[PDB]
Ligand SMILES: NC(=O)c1ccc[n+]([C@@H]2O[C@H](COP(=O)([O-])OP(=O)(O)OC[C@H]3O[C@@H](n4cnc5c(N)ncnc54)[C@H](OP(=O)(O)O)[C@@H]3O)[C@@H](O)[C@H]2O)c1
Ligand code: SF4
Ligand code: SF4
Ligand code: SF4
Ligand SMILES: [Zn+2]
């Protein structure tokens with residue numbers, strides 16, 4: 001009744017505590033994604049530990065432009081993730097092409113390939129604005145399993 | 001028996017609380033703040049990973065293998081945590097008839113954890129990280145036994161209980177001056193968080209015994225791989241350190257033994273951050289080509305010494 | 001002004017008997033305060049002496065290019081292109 | 001600053017401190033005199049066997 | 001040298017709050033520091049400043065508990081603090097309620113709103129044009 | 001100019017050979033490298049935790065788009081299709097109809113965040129200075145529909161950032 005309701009929040013507290021990102025070296029957004037590891041604006045053991053390998057991680061951050069050559073590649077990586085998974089599409093390329101969009105190769109918005117939970121709009125995604133991409137992620141995890 | 005159960009549960013916590021040090025000390029080495037948000041100083045984060053990786057994370061490999069693969073994290077913990085038993089400490093759990101023989105045999109048996117993870121995935125991508133892990137360990141098992149023999153002939157027999165009593169006035173670092181420097185390198189034979197290390201970390205290649213494993217088996221691998229780092233740190237603090245014995249007061253020994261080990265516990269993470277990987281080919285050239293003739297020359301030297309001046313247990 | 005559905009802002013109809021609009025139901029629809037140009041006629045008209053006067057929003061600092069308005073028609077209000085500010089005499 | 005580093009060391013000064021004290025302080029309840037006998041070779045093993053046989057009966061190691 | 005370092009930590013805990021106040025700045029707040037405070041802010045933000053420490057740093061500042069209707073003391077975001085982000089924390093040197101005057105317009109929102117994101121009453125898309133009209137009469 | 005990377009062998013005889021051999025036999029210079037990060041551990045980290053502390057910025061900075069208004073009401077945007085043409089992503093859309101009687105200012109005004117590379121072009125191209133870029137960071141949505149801006153409205157709701165904009169534009173007129 002009360003113990004059951006608090007135990008579900010305790011499991012959700014583990015995702016609120018720590019989430020491991022994926023080092024998607026996809027574009028210029030990946031350089032600012034490296035700035036999350038940079039000391040001045042840090043999530044290093046604040047709630048983020050870089051390790052790579054899609055099998056171990058909990059959150060994958062799509063960091064830039066995706067093309068038709070990359071659409072089969074990213075899709076199965078998301079499938080290689082453990083079932084409690086979150087996708088953060090960071091940048092205008094990740095939201096529907098920086099420019100592009102009306103281009104031949106670029107797939108529009110990532111959502112055509114892989115579903116996204118948290119959007120970051122910033123081209124040069126400022127590390128200040130990037131910090132929401134992990135903090136809002138933890139805030140969005142509220143309730144899991146009622147019955 | 002209560003002692004064994006009082007040497008797994010608090011020991012798994014020491015491997016858990018290692019994750020703090022793995023990014024706190026390593027963090028300040030790189031001038032960055034580590035654990036801070038979760039606890040008072042991030043102290044609630046290491047215990048949070050046990051709730052994170054086991055209860056919610058579900059993966060099993062695709063093409064896989066049969067019984068093997070899931071057999072490997074059982075082989076990871078069930079051979080590396082057993083290493084705590086022959087340890088002399090203030091008082092050992094079942095003091096062995098010969099001490100260090102069980103320590104050397106089970107350490108080589110602990111290598112199989114990264115070996116059976118090669119056949120975890122039938123695909124060839126995972127076994128490259130396994131084949132690299134063979135040579136990065138197979139060569140360093142030669143000197144690991146030889147440098148032991150030079151220390152063991154200097155002081156007592158194979159029994160780990162005699163190694164505490166032999167250091168009453170001075171440490172074994174000073175007589176075994178080049179041999180002590182070797183045990184900062186030879187200890188990193190097993191896949192440990194280091195600069196020398198083995199095929200386990202990412203950097204250049206895919207992560208060995210991690211790309212095939214999930215989260216749950218993969219989480220169980222870290223509870224064994226980082227456990228070996230403490231094990232080598234304690235083992236160096238027996239063979240080379242000692243300071244005092246005192247059988248009457250165990251309290252004076254337990255505090256003094258931990259400080260000596262903790263200074264070495266920081267030293268491996270000091271190595272990890274500082275230096276790049278030695279390469280697959282060139283690590284085979286550090287030892288064998290260059291260090292093996294040096295260790296055998298010191299082994300030749302340590303045979304003559306008890307004959308030159310009386311030194312027999 | 002609002003009728004049955006959400007309030008209209010800057011002349012925009014919601015839906016005729018609710019057919020097209022359905023997404024804006026769980027989440028509340030946005031609304032701009034004073035968007036019907038009610039604040040446009042709220043500002044008092046300034047008196048002039050010259051035949052033509054140059055308009056400015058707030059000098060060179062605020063975005064307003066210089067426009068000359070003729071105040072000689074008498075019947076006409078006389079307003080600039082950028083502002084709804086009226087000038088007499 | 002070291003005021004953040006030291007709680008990471010102090011938490012290790014409790015958990016790693018356990019296996020040393022837990023092995024030693026358990027000898028109070030297990031044996032009469034806070035000591036477990038070292039075996040090594042049959043000579044020291046025989047002394048324990050005759051001790052349990054001679055009027056200790058049930059106890060393995062007992063004085064007088 | 002060693003005596004002054006331990007005394008500096010004890011004075012920091014004694015100055016800000018006390019016993020119950022120090023725990024609130026340790027469990028909820030990431031870094032604990034005491035200095036000068038601006039004070040005056042909408043909803044109930046603390047806003048601290050005038051600290052040396054390091055380059056590009058202007059004290060703890062701290063977020064308010066229950067700003068509009070969220071009712072959270074453990075959870076905090078960048079939605080906190082009113083129209084004052086351009087000063088004290090970044091860019092400008094002058095303090096928003098002490099020296100720097102805020103410009104009046106009688107059109108800007110009086111009460112500051114936090115970003116909903118997942119919560120109801122959030123952002124929405126809407127049509128603009130009336131389009132081509134179609135008519136049919138009996 | 002030639003700087004030359006080659007040292008052409010520092011060792012020669014007796015004293016210059018033995019010290020170069022001593023560092024390769026044991027370590028020394030690796031212990032010297034070990035001491036390099038020792039001092040780096042001793043010095044304080046330049047780290048900023050976000051939920052309380054904030055990072056350094058500039059008086060002119062671009063984030064989320066918001067359109068301005070005159071001190072005595074009225075929409076500052078005049079509807080030109082100017083900023084539409086400058087836009088490299090073509091994220092901004094504009095269609096105009098006469099506002100009741102007299103004034104002729106906007107009907108459709110959508111700025112898609114699916115595109116937009118953040119140039120400051122539309123901030124510079126605008127003659128009336130309608131779109132003035134504020135120091136925004138917080139924007140996170142569940143769907144694309146919630147992300148892209150509607151017909152003004154949410155862009156008109158930039159009043160919560162217009163107080164900072166008025167302070168920032170004081171550094172803009174007679175540039176810096
Ligand atoms: N075996 C077959 O394949 C088969 C054969 C012949 C006909 N059919 C017909 O085809 C349909 C197949 O559907 P399915 O079985 O694939 O659906 P399903 O997997 O049972 O999924 C239904 C979803 O609706 C929610 N739901 C249903 N009843 C609910 C309740 N009383 N309270 C709260 N949540 C409720 C559940 O959410 P929660 O999990 O969160 O509660 C669940 O996610 C059936 O309706 C059946 O009539 C199926
Ligand atoms: S959104 Fe901007 S910064 Fe990110 S990948 Fe695209 S062009 Fe580069
Ligand atoms: S924002 Fe400026 S340039 Fe664009 S239509 Fe409006 S007034 Fe013209
Ligand atoms: S900043 Fe550039 S891309 Fe964005 S709306 Fe303005 S002109 Fe278009
Ligand atoms: Zn005007």
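Based on DSSP, what percent of beta bridges with both residues in region A:53-147 are antiparallel, to the nearest 5?
Numbers: 1 of 8 bridges.
Roughly 10 percent of the beta bridges in region A:53-147 run antiparallel, per DSSP.
Would you mind calculating the gained length between residue A:77 and residue A:144 on full extension (0.36 nm times residue separation, minus the Cα-Cα distance), in nm to one decimal? Kindly include the intermediate steps, with their values, before the conclusion.
On the way: separation 67, 0.36 × 67 = 24.12 nm, distance 2.42 nm.
So the chain would gain 21.7 nm between residue A:77 and residue A:144.
Using packing as a proxy for protection, rank A:58-64, F:40-46 so that the peptide with the highest average count of other Cβ atoms within 10 Å comes first. Provide the component values of the computation, followed by the final result.
Details: A:58-64: 25.3, F:40-46: 14.1.
Per-residue Cβ counts within 10 Å, averaged per peptide and sorted highest first, yield A:58-64, F:40-46.
Could you tell me the relative contact order of chain A? Use alpha-carbon pairs under 8 Å, at least six residues apart, and round to a whole percent. Mind dumping the intermediate values first?
Numbers: 246 pairs, mean separation 38.4, N = 147.
RCO, chain A: 26 percent.
If packing is taken as the mean number of other Cβ atoms within 10 Å per residue, what is the order of F:92-102, B:198-208, F:68-78, A:98-108, highest first?
On the way: F:92-102: 14.3, B:198-208: 18.7, F:68-78: 21.0, A:98-108: 16.4.
Ranked from most to least packed, the peptides come out as F:68-78, B:198-208, A:98-108, F:92-102.
For chain B, what is the Kirkwood estimate of the hydrodynamic radius, computed as the reciprocal of the mean inverse distance between distinct Cα atoms, to one decimal in Å? Working shown, then result.
Numbers: mean 1/r = 0.0481 Å⁻¹.
Taking every pair of different Cα atoms in chain B, averaging 1/r and inverting gives 20.8 Å.
Modelled label-to-label distance, residue A:103 and residue D:43, 7 Å Cα→beta-carbon offset: nm?
Computed distance between label sites residue A:103 and residue D:43 equals 8.4 nm.
Gap in Å between the Cα centre of region C:2-30 and the Cα centre of region E:72-101?
36
Normalised by the residues of chain F, what does the relative contact order come to in percent, with Cα pairs under 8 Å and at least six apart? Each step should come with its number before you reach the end.
Working: 194 pairs, mean separation 38.2, N = 176.
22 percent.
How far apart, in nm, are two points set 7 Å out from the Cα along the Cα-to-Cβ line at residue F:125 and at residue F:60?
Distance between the two pseudo-spin positions: 1.8 nm.
Taking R0 as 56 Å, what FRET efficiency do you get between residue B:286 and residue E:116 from their Cβ-Cβ distance, rounded to the nearest 0.05?
Working: r = 59 Å, r/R0 = 1.06.
According to the calculation, E is roughly 0.40.
If one takes the longest principal axis of the Cα atoms in chain F, at what angle in degrees, from 0 to 90 and to the nearest 10, does the Cα axis of helix F:15-25 lie?
Helix F:15-25 and the main axis of chain F meet at about 60 degrees.
Can you tell me the Rg and Dmax of region A:94-147, counting just the alpha carbons, in angstroms?
14.6, 47
If you take each beta carbon of peptide A:9-20 and count the beta carbons of other chains within 10 angstrom, what is the mean? Mind showing how you got there, number by number?
Numbers: counts 0, 3, 4, 2, 5, 12, 4, 6, 12, 11, 1, 3.
That works out to 5 on average.
For Cα pairs less than 8 Å apart in space and 6+ apart in sequence, what is the mean separation divided by the residue count of region B:1-143, i.e. the relative contact order in percent?
Numbers: 107 pairs, mean separation 28.3, N = 143.
Over region B:1-143, the number comes to 20 percent.
Only bridges whose two residues both fall in the protein assembly as shown count here: according to DSSP, what percent of them are antiparallel, nearest 5? Could the numbers behind the result be given before it?
Details: 14 of 26 bridges.
Of all bridge pairs located within the protein assembly as shown, approximately 55 percent are antiparallel.
Translational diffusion coefficient, Stokes-Einstein: compute it for chain D using the Kirkwood radius over C-alpha pairs as Rh, at 25 °C and 0.890 mPa s, and state it as an integer in µm² s⁻¹. Can you show the working numbers first?
On the way: Rh = 14.8 Å.
My calculation gives 166 µm²/s for D.
Please report, to two decimal places, log10 I(q)/I(0) for chain F at q = 0.11, 0.17, 0.18 Å⁻¹ as given by the Debye formula with identical point scatterers on the Cα atoms and no solvent.
-0.63, -1.14, -1.24
If R₀ is 60 angstrom, what is the calculated FRET efficiency for the pair residue E:134 and residue A:35, using the beta carbon separation as r and rounding to 0.05? Working shown, then result.
Values: r = 54 Å, r/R0 = 0.90.
So the FRET efficiency works out to roughly 0.65.
Convex hull over the Cα atoms of chain E, averaged projected area in nm²? Could the numbers behind the result be given before it?
On the way: hull surface 59.6 nm².
Projected area, direction-averaged: 14.9 nm².
Mind checking the mean number of beta-carbon atoms from other chains within 10 Å of the Cβ atoms in C:36-43?
Working: counts 2, 8, 1, 7, 10, 2, 4, 5.
Mean shielding count: 5.
Summarise the partner chain shielding of C:46-54 as one whole number: the mean count of Cβ atoms from other chains within 10 Å of each residue's Cβ. Walk me through the numbers on the way to the answer.
On the way: counts 0, 0, 0, 0, 0, 0, 0, 0, 0.
Going residue by residue through C:46-54 and averaging, the value is 0.
To the nearest 10 degrees, how steep is helix D:42-51 against the longest Cα principal axis of chain D, on a 0 to 90 scale?
Once rounded, one gets 70 degrees.
Relative to the longest principal axis of chain A, what angle (0 to 90°, nearest 10) does the C-alpha long axis of helix A:71-80 take?
10
Sorted from largest down, what three extents in whole angstroms do the Cα atoms of region A:24-147 have along their principal axes?
The Cα atoms of region A:24-147 stretch 42, 41, 24 Å along the principal axes, largest first.
Using the alpha carbons of the protein assembly as shown, what is the convex hull volume per residue in cubic angstrom, as a whole number? Show your work: numbers first, answer last.
Details: hull volume 249.0 nm³, N = 927.
Hull volume over Cα atoms, normalised by residue count, gives 269 Å³.
Taking Cα centroids, how far is region F:114-141 from region A:31-75 in Å?
Between the Cα centre of region F:114-141 and that of region A:31-75, the gap is 27 Å.
For the modelled label position 7 Å from the Cα of residue A:28 along Cα-to-Cβ, which residues of region A:111-127 have backbone nitrogen atoms closer than 19 Å?
Once the point is set 7 Å along Cα→Cβ of residue A:28, A:120-127 turn out to lie under 19 Å by backbone N, inside region A:111-127.
Evaluate the distance, in nm, between pseudo-label points positioned 7 Å from the Cα of residue C:77 and of residue B:124 along their respective Cα→Cβ axes.
With each label placed 7 Å out from Cα toward Cβ, I get 8.1 nm.
Taking the Cα centre of each part, how many Å lie between region E:1-56 and region F:1-72?
First find each Cα centre; the distance between them is then 31 Å.
In which sequence would A:15, D:25, F:60 go, from the one with the fewest C-beta neighbours within 10 Å to the one with the most?
The fewest-first ordering by Cβ neighbours comes to D:25, F:60, A:15.
A quick note on method: Cβ atoms are made from the backbone with ideal geometry, for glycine too, and the neighbour counts reach across all protein chains shown. No lab work stands behind these numbers, since they all come straight from the coordinates.
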